[PDB]
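Note sheet for the following structure.
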Amino acid sequence: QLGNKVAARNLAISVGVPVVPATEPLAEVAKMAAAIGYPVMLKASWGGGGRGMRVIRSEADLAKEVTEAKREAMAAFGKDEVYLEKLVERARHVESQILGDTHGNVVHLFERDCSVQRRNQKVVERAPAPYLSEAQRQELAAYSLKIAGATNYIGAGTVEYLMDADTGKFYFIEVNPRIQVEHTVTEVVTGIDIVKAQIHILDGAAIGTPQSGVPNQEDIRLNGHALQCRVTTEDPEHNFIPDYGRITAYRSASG
Amino acid sequence: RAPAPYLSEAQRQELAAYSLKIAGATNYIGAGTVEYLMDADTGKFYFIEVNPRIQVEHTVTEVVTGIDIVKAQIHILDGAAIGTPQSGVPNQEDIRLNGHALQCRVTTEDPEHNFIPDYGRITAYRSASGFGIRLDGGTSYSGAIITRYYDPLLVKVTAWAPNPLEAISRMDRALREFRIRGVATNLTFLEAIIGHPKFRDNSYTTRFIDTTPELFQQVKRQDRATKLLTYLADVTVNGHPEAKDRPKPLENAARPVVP
Ligand SMILES: Nc1ncnc2c1ncn2[C@@H]1O[C@H](COP(=O)(O)OP(=O)(O)O)[C@@H](O)[C@H]1O
Ligand SMILES: [Mg+2]
Ligand SMILES: [Mg+2]
């Protein structure tokens, strides 16, 4: 339901959560793309690895590009389904963290900003999204609970959205039905162990009880701010090519 | 530990009110601690002494209240006012407890030799992090040489969780995840304290360590890898007595393959 992006998007349309205008799956794209309008972002349905995407600015580009986009999606993801989505030209990436149990309770652990991106891959993530109003933040929290309730969501997953910088509108983009690399920032500002929750949950536990590791929605409270960086061997002075071999000395910093 | 988890909210408020009166009646500037004894029989608290400074244990109060104590010290001596966003500190009313913490200090004090600190080269050093774990180290690292002249301290470990039992097992997980080689540590002794029933159910007095032992104390270590390497080196250099003067298998013949 959430694996395929079109099916996921259709899910959200069905429970009243906003989306960007997107086509059906794709040898005559526009007509179709032309109904959406340019510019558009081409996205692999299924497989969403922080990118097999492509911005198409005009019809003359379409033929080479969709084809290429397809050979790649088959390459990287192995399923080959692409659809066109209307491009949000100026965008912030915000996302809701949700926990659902085997008994139908679902809670949000507020949002993260992950707009710090390198060609659509997440680089720096922050909790809460610093530039949000208390009401926008409640607006998002409520969509993600409608998305989770809808799929009787069991465990941890993430609901991701594009904020349109020009209007401050939200548009559901995808679900990740899994823990994420950036979960950690949500953990330190809420005090809630997401992994222990995962396990308590499939043990059959009820969210809101001590043995679930998860508070009732009303006792889930934001405390400060946090951000996460990933240290890699990608060498800034050598085209970010990943270095490797032996680490001979290593001292990380705490406190 | 922080908070002290055996206290009633009446005893905490009672304790905290005495402290603002020892402090106000000296116009104390900076950070300071007011120590009390508590008779476990009556639950009655006795003033004992004041330390006019940050203590080794400030980190637990930091993680449980989210107030940087060092930064408060500097801000305060810059002239800032308690309450101001630009002091370190919120108003009393906005000062709040959040879950639980305990600190253990990892050292070279040897349990297996009466707690004399060990000294020498640290050949391996890995420490453990993750959610709810704070470390205050910087002195140790592989290669480092522990001298006999100062403090035996290697690193201070602070573990946070929403309740005290979960904090104990967070500490227990991080402690046991530590690998320190080249020198002796107090890790086993730290692990025994925190795995103790009297610790888990908060019924220890100050006489607990000097009393419990229950030697604890001991059990050794297998050190199997080193043993195997010893064997391989021995047979590699000297040969095996059953094989060394007898015919030899045809050189690099195939390992057997399990069908
Ligand atoms: N329709 C769009 N318009 C503008 N930018 C987009 C659009 N769709 C995706 N992006 C950018 O690509 C990123 C990844 O999108 P997402 O659907 O989560 O793909 P993935 O499955 O690779 O995570 C988003 O954070 C956003 O920055
Ligand atoms: Mg994504
Ligand atoms: Mg004293």
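For segment A:158-183, the candidate set comprises residues that are acidic (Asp, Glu) and more than 14 Å from every other protein chain (Cβ to nearest Cβ); within that set, the residue that is farthest from ligand 2 (Cβ to nearest atom) is A:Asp166. The set of residues from segment A:219-255 being outside any strand (DSSP E or B) and away from every other protein chain (no Cβ under 14 Å) comprises A:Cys229, A:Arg230, A:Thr232, A:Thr233, A:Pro236, A:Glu237, A:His238, A:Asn239, A:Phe240, A:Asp243, A:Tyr244, A:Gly245. If you filter segment B:34-69 down to residues that are within 16 Å of ligand 3 (Cβ to nearest atom) and touching a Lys or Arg at 6+ places or on another chain (Cβ under 8 Å), you find that the one that is nearest to the other protein chains (Cβ to nearest Cβ) is B:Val56. Residue check: is A:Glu174 of a type in the set (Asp, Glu) and assigned to a strand (DSSP E or B)? So A:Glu174 passes the test.
Looking at B:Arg53, B:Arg12, B:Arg1, just one residue is more than 16 Å from ligand 2 (Cβ to nearest atom), of a type in the set (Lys, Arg) and touching a helix residue (DSSP H, G or I) at 6+ places or on another chain (Cβ under 9 Å), and that residue is B:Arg1.
Whether a residue is within 12 Å of chain B (Cβ to nearest Cβ) and either over 23 Å from A:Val116 (Cβ atoms) or over 22 Å from the mean Cα position of the chain (by Cα) (or both) was assessed, and A:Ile207 does not pass this test. The set of residues from segment B:155-184 being more than 13 Å from every other protein chain (Cβ to nearest Cβ) and in a loop (DSSP other than H, G, I, E, B) comprises B:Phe178, B:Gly182, B:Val183, B:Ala184. Look at (1) out of contact with any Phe, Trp or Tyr (no Cβ under 8 Å at 6 or more places or on another chain); (2) surrounded by fewer than 16 Cβ atoms within 10 Å (Cβ to Cβ) and you find that B:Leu154 fails only one, number (2). Taking the criterion of being facing chain A (nearest Cβ under 8 Å) and small (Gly, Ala, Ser), the residues of segment B:107-137 that qualify are B:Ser129, B:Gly132, B:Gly137.
Matching residues to (1) assigned to a loop (DSSP other than H, G, I, E, B); (2) farther than 18 Å from A:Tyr161 by Cβ:
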| position | (1), (2) |
| --- | --- |
| A:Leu2 | yes, no |
| A:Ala8 | no, no |
| A:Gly16 | yes, no |
| A:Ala27 | yes, yes |
| A:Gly50 | yes, no |
| A:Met74 | no, yes |
| A:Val88 | yes, no |
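When A:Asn216 is tested against (1) more than 13 Å from chain B (Cβ to nearest Cβ); (2) polar (S, T, N, Q); (3) closer than 22 Å to A:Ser115 by Cα; (4) more than 22 Å from the chain's Cα centre (by Cα), exactly one condition is not met: (3). Restricting segment A:47-76 to residues that are farther than 16 Å from A:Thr23 by Cβ, within 9 Å of ligand 1 (Cβ to nearest atom) and buried (at least 17 other Cβ atoms within 10 Å of the Cβ), the residue that is farthest from the chain's Cα centre (by Cα) is A:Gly52. When B:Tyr231, B:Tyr141, B:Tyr150 are checked against the criterion of being over 15 Å from the mean Cα position of the chain (by Cα) and within 14 Å of chain A (Cβ to nearest Cβ), B:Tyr141 stands alone in meeting it. Within segment B:17-65, the set of residues being small (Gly, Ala, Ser) and on the phi < 0 side of the Ramachandran plot comprises B:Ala17, B:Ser19, B:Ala23, B:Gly24, B:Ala25, B:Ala31, B:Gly32, B:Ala40.
Throughout, read-outs are computed from the coordinates displayed, never taken from laboratory work. Because the Cβ atoms are built from the backbone with ideal geometry, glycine has one as well, and the counts that use them run over all protein chains shown.
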